[PDB]
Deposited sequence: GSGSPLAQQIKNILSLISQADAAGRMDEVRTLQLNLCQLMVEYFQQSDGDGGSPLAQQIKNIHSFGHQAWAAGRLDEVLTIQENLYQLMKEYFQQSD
């Protein structure tokens, strides 16, 4: 974890919000791929909130691998809300 990584996570969270509002569906997909990688790197190796971000991210991968879109989507809602809290990015 680190401050430049934290700001890049905040940048990508902000662009996801902007791209979503503007209807840029392909860019949203790319942004979510970037956020995924940044989360793996930032949370490598914490507070209860950080532990739950890590757990929920892991279960998100398991749901995605099975194509379980219904569970992916509500995992995403939970994960992204916790990320917005941890990184103070509304």
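For this chain, the deposited residues without C-alpha positions form the stretches 1, 47 to 51, 97, given in sequence order.
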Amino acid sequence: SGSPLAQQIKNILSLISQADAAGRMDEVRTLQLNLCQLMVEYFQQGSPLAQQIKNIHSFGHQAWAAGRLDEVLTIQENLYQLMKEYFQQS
From here on, numbers count along this sequence of modelled residues.
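The deposited model assigns a higher average Cα B-factor to 22 to 30 than to the other stretch when 56 to 64 and 22 to 30 are compared. In the PDB entry, residue 17 places in the highest third of its chain by CA B-factor.
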